[PDB]
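Coordinate analysis (summary)
Chain by chain, the residues run as shown.
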Amino acid sequence: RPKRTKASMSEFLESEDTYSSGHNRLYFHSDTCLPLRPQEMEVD
Amino acid sequence: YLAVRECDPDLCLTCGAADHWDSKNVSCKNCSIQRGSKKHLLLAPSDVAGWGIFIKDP
Amino acid sequence: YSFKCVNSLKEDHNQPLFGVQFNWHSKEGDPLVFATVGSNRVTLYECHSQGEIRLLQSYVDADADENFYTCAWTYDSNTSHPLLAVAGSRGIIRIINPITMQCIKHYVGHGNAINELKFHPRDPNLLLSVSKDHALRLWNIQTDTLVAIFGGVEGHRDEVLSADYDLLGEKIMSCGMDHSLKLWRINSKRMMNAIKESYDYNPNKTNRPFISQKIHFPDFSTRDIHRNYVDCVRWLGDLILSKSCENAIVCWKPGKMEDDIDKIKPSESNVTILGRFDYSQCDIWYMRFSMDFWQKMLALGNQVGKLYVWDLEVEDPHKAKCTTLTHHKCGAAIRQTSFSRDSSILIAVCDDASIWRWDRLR
Amino acid sequence: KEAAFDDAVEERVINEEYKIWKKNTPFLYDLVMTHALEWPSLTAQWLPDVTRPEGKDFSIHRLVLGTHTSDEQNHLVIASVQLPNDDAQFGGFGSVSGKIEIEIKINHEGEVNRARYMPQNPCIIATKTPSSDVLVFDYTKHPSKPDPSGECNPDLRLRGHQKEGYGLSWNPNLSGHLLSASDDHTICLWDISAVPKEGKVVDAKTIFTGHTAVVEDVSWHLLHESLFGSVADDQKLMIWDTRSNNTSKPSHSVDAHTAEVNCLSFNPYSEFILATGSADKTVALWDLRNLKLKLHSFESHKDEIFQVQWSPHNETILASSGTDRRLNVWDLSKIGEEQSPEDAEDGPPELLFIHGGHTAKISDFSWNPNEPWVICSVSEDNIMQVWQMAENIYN
Ligand SMILES: Nc1ncnc2c1ncn2[C@@H]1O[C@H](CSCC[C@H](N)C(=O)O)[C@@H](O)[C@H]1O
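Residues numbered from 1 in each chain as written, not as in the entry; some residues may be left out. Chains lettered and ligands numbered in written order. Part of a larger assembly, values for the part shown. Heavy atoms only, no water. Residues with missing side-chain atoms left out of burial classes, pairs and counts.

Per the deposited record, the coordinates in this entry were obtained by cryo-EM to a resolution of 4 Å.

The name given to chain A in the PDB entry is Polycomb protein SUZ12, with Homo sapiens as the source organism.

Shown next, in the form of structure tokens:
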């Protein structure tokens, strides 16, 4: 939900003064330090 | 389990430690290391420092 | 012996200089092109008469802030275009085609750094990149597929930096800071199967990636040759050269003097020492010598800037009639040397971005 | 070449734009969903049926898609998704378990050129395939699990087109009546309600040969079962009526634009309004009475457009997207309305909104009933995008 807070400089200047899911990053072949492919990502 | 000893296959006959040594799934949970029911892992560059380990399954 | 400095050029970057390479992969009458790797710059030149040297196309690694260490001339049979692979401290291989003016083959996977580069004498598509993590990996660049890896569980427990192919490409010597002398036989029945299969691979063929192999059992090993770091070994035919920081160069053969190199079992441990072409003023490693094309003439520089020169003829370490050529202007550190595809042109490179060409006085 | 070099530079650019778009996205969008699929799907559409669980903001919605792969088996897939009906519930809004998944897989042949559910029973669907026969399926009879044997059962599939093509439209009033377009320059019709146990393949009930070029779009009037029109690459569209004697002479005809046209969309509310895009960066509309005069034209898109749709619950809203990797929203009530110079420099008053949050080109975008303020969209990068605009733009 966007917070949609109203603009206020008295608070803004004074202050100035991620729900991911799944296998995000790429994984590598442990035996040989080589990048995996999703095709063989299961039997490995 | 209170002991540091894994229930020996020849002893925890009630949890099937001896039963189906060939099979992978048993009633017991403190018999795995003997059977080596390891989980599948993934190797990736860790966010913290260099290489790291990531788990494939929940 | 019949040599003198006739040319000398210095790079303006003042960075330490590294491995030199002369394009012996040429044809009769081709322009005589040689290459050299600096810190991050790569430069090529062609020797010319009268002592002139014409600077050729030169590049710089303006993206990777690393010191390049090794390079090796390359050739493509398909396009008949020569190339030259490079490597450095970041352990990444780049192969630039002068015809393409660029590198389009990217190869990574080594651990820390690369300290040796050399091609197979017969197949130009096979390369050994000795690495800092004690690893010996092989690449099939033509198929871009990896080939068997050497070292592993029973490999060198220290960083290897020096290795060599034999003349026919059948056994590969390896030596590192552990002073170990491990070699592996290419002709091993298993490998060429993989090498053949290395040339037979399609990424779209199946989900299963190519299976490069692993080796841990050299056909021989030892450490008695040197009590200090070894950084220069070469295949003198069936004989093995070896140089350390201890200001000596020694040639030796496995087992007894009558023992066949190819008959030696891995369990063997005996040594036959027949080399005493010793030197001095070069008590530090990371110096590499040069060889003539025909394996008849040895020239080694010096840290104090002199030359140590011997022939590969019947002249033997029984007396070791040295030829200590020297140019007064070069005394800082002779990092490497490089012969042409003949014995007429010698290019000596100093560390301080300066090179010193010596032409044969015949 | 420089073009290869510039494209490589362009690869950096699109990554930058997505990063920049992501940075500004939360303050301009009220919902941000993203999901990547194993194999790209050409088209997607919402199931009309919907259910909202009690005491749970996330609403149960179902989506149907196809499969496009390099060399593997393709499947017909139906996937479910949960979206917060209440945004007051702050595992950002719901549980950490995830709110999207796939439930149905059936072996598919080639790639889904076009597929839709027939309105009177969404369970039965027809799918345009690279093969000449138009395949027909109902997920109720077929198993949800994929069949690894590779066999497919296109029961009650449709014959009549010589080759594949694009363009599918069920009759909104007549059950089992659908118009399909093909590269055969012909429009074929079927009557599923009248289909017997003839062998699960149905020949074209009626074949039309009006357009000279490859007919690529054909649709029934959203209110009239008799009225329908077709759109082809001939840059000329023609209006048709059922039972009108010869099938090659249209009731009406007009050239939509100066380039190929492959997108047609009638207004569900206004009978007369019929929106027509074009490949010449131009989208327009026509009147059932006034065929000779174009009502208005829209040309904000920077590339070809071939997907157009009218917003549900919103007669004044029309959207279109294409190869420019941009989606343009337009306000009909704001056509020619005076605006501040800070607005004209931004866009025309009729231009409602512009969305560009996708690295890859989007081939399909689809809203759903009960949720007029969200749009699903399928890009080439297997990315499923669902997003809600701020209410502030429409007050
Ligand atoms: N949280 C942490 N922060 C910094 N260094 C860490 C660390 N956890 C482990 N290390 C270092 O990592 C070494 C363990 S081996 C693991 C190395 C690390 N995961 C990498 O790939 O780079 C230890 O010697 C320790 O010094």
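1. Quick notes on the overall build of chain A
Test applied: Secondary structure elements follow DSSP: runs of H or I of four or more residues count as helices, runs of E of two or more count as strands, with numbering from the N terminus.
Assigned secondary structure in chain A consists of one helix and two strands. Ordering the α and β elements of chain A from the N terminus gives α-β-β.

2. Re the packing of aromatic side chains
Describing an aromatic ring pair means giving the distance of the ring centres and the angle of the ring planes. For clarity, the cut-off: Ring geometry is summarised as follows: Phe, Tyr and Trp rings, the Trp one being its six-membered ring, pair when their centres sit within 6.5 Å, and such pairs are stacked at plane angles under 30 degrees, edge-to-face over 60 and tilted between the two. Think of it in three bands: residues with accessible area under 20% of the maximum for their type are buried, residues over 50% are exposed, and the middle band is partly exposed, with areas taken using a 1.4 Å probe on protein chains only. The criterion for a charge sitting over a ring is simple: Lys NZ or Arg CZ within 6 Å of the ring centre, and within 35 degrees of the ring normal.
Evaluation of the coordinates by the stated rule reveals 26 aromatic pairs over all chains. Seen from their ring centres, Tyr29(D) and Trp387(D) are 5.6 Å apart, and the 85° between their planes marks the pair as edge-to-face. Per residue, the accessibility class of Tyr29(D) equals that of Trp387(D), and both read buried. Note on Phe208(D) and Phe228(D): the rings are 5.5 Å apart at their centroids and 75° apart in plane angle, and the pair reads as edge-to-face. You can see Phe208(D) sitting in strand β14 (residues 206–208) and its partner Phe228(D) sitting in strand β16 (residues 227–232), a full 20 residues away along the chain. Classification of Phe208(D) by relative accessible area gives buried; the value is 7%. An aromatic cluster of at least three residues, connected via ring pairs, comprises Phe18(C), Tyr69(C), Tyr229(C), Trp285(C) and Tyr286(C). Here the guanidinium or amino end of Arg341(C) rests over the ring plane of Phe293(C), the centre of that ring lying 3.9 Å away. Sitting over the face of the ring of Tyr1(C), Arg360(C) holds its NZ or CZ atom 4.6 Å from the ring centroid.

3. Topic: the state of the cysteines
We count it as follows: Throughout, a disulfide means two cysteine sulfur atoms within 2.5 Å of one another.
Here the structure, examined in full by the defined rule, presents one disulfide over all chains. Across a sulfur-sulfur distance of 2.0 Å, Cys12(B) and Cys15(B) are joined as a disulfide pair. The two residues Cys12(B) and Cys15(B) agree in class, both being buried. There is no disulfide at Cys322(C), and the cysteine sulfur nearest it, in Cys282(C), is 14 Å away. On the basis of relative accessibility, which here comes to 35%, the residue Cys322(C) falls in the partly exposed class. In this model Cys263(D) remains outside any disulfide bridge; the closest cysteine sulfur is found in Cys376(D), 18 Å from its own. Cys263(D) gets classed as buried once you look at its relative accessible area, which sits at 0%.

4. Digging into the site of the ligand
Residue and element names in this part refer to chain B. Quick note on the threshold: Neighbouring residues are identified by heavy atoms, a residue being near a molecule or strand if any of them is within 4 Å of it. Here a polar contact is recorded for every N or O atom pair within 3.5 Å, except that within protein the pair must consist of a potential hydrogen donor and a potential acceptor, and residues adjacent in sequence are included only if both atoms are side-chain atoms. Method for areas: the Shrake-Rupley scheme with a 1.4 Å probe, in which residue coverage is limited to the protein chains shown. In this count, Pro and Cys sit with the nonpolar residues alongside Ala, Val, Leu, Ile, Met, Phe, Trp and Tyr, while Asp, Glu, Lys and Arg are called charged and the others, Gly among them, polar.
The environment of the ligand is formed by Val-48, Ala-49, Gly-50 and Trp-51. Measuring from an oxygen atom of the ligand, one finds a backbone N or O atom of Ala-49 at 3.0 Å. Between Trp-51 and the ligand, the recorded distance is 2.4 Å, taken from a backbone N or O atom to an oxygen atom. Computed on the free molecule, the ligand has an accessible area of 560 Å², of which 24% lies beneath the protein chains in the complex. Residues belonging to the shell around the ligand are distributed by class as follows: three nonpolar, one polar and no charged.

5. Considering the environment of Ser338(C)
All names here are of chain C. For clarity, the threshold we go by: Contacts are assigned to residue pairs that have any heavy atoms within 4.5 Å of one another.
One can find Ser-338 in strand β27 (residues 334–339). Sequence separation between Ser-338 and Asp-283 is 55 residues, and the spatial gap between their C-alpha atoms is 21 Å. Beyond its immediate stretch of four places on either side in the chain, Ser-338 contacts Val-20, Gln-21, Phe-22, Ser-290, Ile-345, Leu-346 and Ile-347.

6. Details of the interface of chain A and chain B
Note on interface size: it is often stated as the accessible area lost on association of the parts. Short version of the rule: By convention, the term buried area covers the 1.4 Å-probe accessible surface removed from two parts as they join, with the contributions of both added. Criterion for a salt bridge: a side-chain nitrogen of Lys or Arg within 4 Å of a carboxyl oxygen of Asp or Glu.
Taken together, the contact pairs ten residues of chain A with ten residues of chain B. Each partner contributes to the roughly 860 Å² buried at the junction of chain A and chain B, and carbon and sulfur atoms together form 65% of this total. Our count for the contact surface shared by chain A and chain B stands at one salt bridge. Taken together, the connections running from chain A to chain B amount to four residue pairs in polar contact. Tallied by class, the residues present in the side of chain A that touches chain B amount to five nonpolar, two polar and three charged.

7. Looking at helix α1 (residues 189–198) of chain C
Residues and elements named next belong to chain C. We apply this condition: Think of the arc as the fan of directions from the helix axis to the C-beta atoms.
Within α1 the residues assigned to the buried category are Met-191, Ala-194, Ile-195 and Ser-198. What you see down the axis of α1 is that its buried residues fit within an arc of 105°, all on one side. Every exposed residue of α1 that faces more than 90 degrees away from the buried side is listed here: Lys-189 and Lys-196. Of the surrounding elements, those touching the buried residues of α1 are β12 (126–131), β13 (136–140), β14 (145–150), β17 (181–185) and β18 (214–215).

8. Describing the environment of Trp373(D)
With respect to the helices and strands, the residue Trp373(D) is situated in strand β28 (residues 371–379). Residues contacting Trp373(D), with those up to four places away along its chain left out, are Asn314(D), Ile317(D), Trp387(D), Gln388(D), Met389(D) and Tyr394(D).

9. Quick word on the nonpolar core
As a reminder of what qualifies: Definition of nonpolar core: a set of buried residues of the types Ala, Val, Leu, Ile, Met, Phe, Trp, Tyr and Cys, connected through side-chain atoms within 4.5 Å.
The biggest cluster of nonpolar side chains holds 16 residues, and the ones touching the most others in it are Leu128(C), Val130(C), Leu136(C), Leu138(C), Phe150(C) and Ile215(C). Apart from the residues within four sequence positions on either side, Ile215(C) is in contact with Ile149(C), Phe150(C), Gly151(C), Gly152(C), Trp184(C), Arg190(C) and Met191(C).

10. Overview of the side chain of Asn328(D)
All names here are of chain D. Of note, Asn-328 is situated in strand β25 (residues 327–331). Polar side-chain contacts of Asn-328 include one of 3.1 Å to the side chain of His-301. What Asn-328 contacts, discounting residues up to four positions off in sequence, is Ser-300, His-301, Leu-318, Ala-319, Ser-320, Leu-351, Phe-353 and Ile-354.

11. Side note on the pattern of salt bridges
All names here are of chain C. Applying the stated criterion across every chain, the model contains 31 salt bridges over all chains. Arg-157 is paired through a salt bridge with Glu-154; the nearest N and O atoms lie 3.1 Å apart. With a relative accessible area of 33%, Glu-154 lands in the partly exposed category. When the shortest N-O distance is used, the salt bridge between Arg-335 and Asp-351 registers 3.1 Å. Here the residue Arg-335 occupies a position in strand β27, and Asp-351 occupies one in the loop between β28 (345–350) and β29 (355–360), the gap between them amounting to 16 residues.

12. A look at a negative patch on the surface
Residue and element names in this part refer to chain D. Note the threshold: Patch rule: a residue counts if its relative accessible area is over 30% and it has no salt bridge; like charges are joined within 9 Å, and nonpolar side chains (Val, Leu, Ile, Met, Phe, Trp, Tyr) within 5 Å. Neither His nor the chain ends is counted toward charge; the positive residues are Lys and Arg and the negative residues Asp and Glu. Note that the charge is assigned to NZ on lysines, CZ on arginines, CG on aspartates and CD on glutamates.
Together, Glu-2, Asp-6, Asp-7, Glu-10, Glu-11, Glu-16 and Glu-17 make up a negatively charged patch on the protein surface. Here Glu-2 is to be found in helix α1 (residues 2–24). Relative accessible area serves as the criterion here: at 57%, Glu-2 is assigned to the exposed category.

13. Notes on the sheet that holds strand β6 (residues 114–118) of chain D
Residues and elements named next belong to chain D. In plain terms, the rule: DSSP bridges decide pairing: two strands pair if at least two such bridges lie between them. Axis definition: a line fitted to C-alpha atoms, limited for helices to the stretch in contact. Angles are taken between N-to-C directions and run from 0 to 180 degrees.
Here we have three strands laid out as an open sheet, ordered β6-β7-β8, and antiparallel in their pairing. The open sheet is flanked by β6 and β8 (135–138), the only strands paired with a single partner. When the angles between neighbouring strand axes are averaged without regard to direction, this sheet yields 25°.

14. So, empty space enclosed by the protein
Space left empty within the atom packing is revealed by a probe, the size of a water molecule, rolled over the atoms. Residue and element names in this part refer to chain D. To be explicit about the condition: The pocket and cavity definitions rest on a 1 Å grid over protein atoms only: a 1.4 Å probe that fits but cannot leave marks a cavity, an open set with protein on both sides within 12 Å along at least five of seven lines marks a pocket, and residues lining either have an atom within 4 Å of a point. Grid points are joined across faces, edges and corners, and a volume is the space filled by probe spheres set on the points.
Its volume calculated, the largest cavity comes out at about 240 Å³. As for the largest cavity, its lining consists of 20 residues, and the residues nearest its centre are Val-64, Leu-65, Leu-76, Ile-125 and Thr-127. Mapped by element, the contributors of at least two residues to the lining of the largest cavity are β2 (44–46), β3 (58–65), β4 (74–84), β5 (100–108), β6, β7 (121–128) and β8. Residues belonging to the lining of the largest cavity are distributed by class as follows: 14 nonpolar, four polar and two charged.

15. Some points on unusual backbone geometry
In this structure, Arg4(A) is a non-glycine residue whose phi angle is positive, near 55°. As for its position among the elements, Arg4(A) is in the segment before α1 (9–16). Take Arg4(A): its relative accessible area is 34%, and that puts it in the partly exposed class. Positive phi, normally seen in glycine, also occurs at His20(B), with a value near 55°. Its place among the elements puts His20(B) in the segment before α1 (32–35). Overall, the relative accessible area of 46% leaves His20(B) in the partly exposed class.

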